[PDB]
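*Asks:* Below you will find the structure I want to go over with you.
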Amino acid sequence: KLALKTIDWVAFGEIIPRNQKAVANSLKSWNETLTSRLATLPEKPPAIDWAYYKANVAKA
Amino acid sequence: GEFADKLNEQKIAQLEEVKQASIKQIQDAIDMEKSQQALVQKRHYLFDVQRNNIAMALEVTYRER
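First to last, the sequence lines map onto chains U and T. Under PDB author numbering, the first residue of the first sequence is numbered 4, with each subsequent residue one higher. Under PDB author numbering, the first residue of the second sequence is numbered 79, with each subsequent residue one higher.
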């Protein structure tokens, strides 16, 4: 489980100089990207039906 | 007779600039305070976004591995 300092975005909007809005944008999207990502990428992968493979092999 | 009118209109004019200044200055005590309040909380978020980003990126990485 992760800690994730909570964040109000309209404030974040209101603290970036204009000559730095670029950065801030990319920073936002990465976050969103990253977030979407974790929503879909499961903690662990599926297990592996070892019995089954053991059941159908040939090398010992 | 005029003695009064010029002086009076003078005297009003004054307190008219006085009330004016007074509004304008207290509006500025006000702005300053907003400026502050902002720099307070406000600014950390930038770095928080950044730290959060890292945390996630390592998690994704761990998971991907």
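Beta carbons are placed, not taken as given, at the ideal position from N, Cα and C, and that holds for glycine.
Within this structure, are the beta carbons of residue 58 of chain U and residue 123 of chain T separated by less than 8 Å?
*Replies:* no
*Asks:* Check whether the Cβ of residue 135 of chain T lies closer than 8 Å to any Cβ atom in chain U.
*Replies:* Proximity of residue 135 of chain T to chain U, defined by a Cβ-Cβ separation below 8 Å, is satisfied.
*Asks:* Between residue 143 of chain T and chain U, is any beta-carbon pair separated by less than 8 Å?
*Replies:* no
*Asks:* Take residue 125 of chain T as the anchor and find which of U/60, U/18, U/61 has the nearest alpha-carbon.
*Replies:* U/18
*Asks:* With 8 Å set as the bound, which would you pick, yes or no: does the beta-carbon of residue 96 of chain T sit closer than that to a beta-carbon of chain U?
*Replies:* no
*Asks:* When you compare the CB positions of residue 127 of chain T and residue 30 of chain U, do they come within less than 8 Å of one another, or not?
*Replies:* yes
*Asks:* Which residues in the same chain as residue 99 of chain T place their Cβ atom closer than 7 Å to its Cβ, once the five residues preceding and following it in sequence are excluded?
*Replies:* If we look at residue 99 of chain T and ignore the five residues flanking it on each side, it has no Cβ neighbours.
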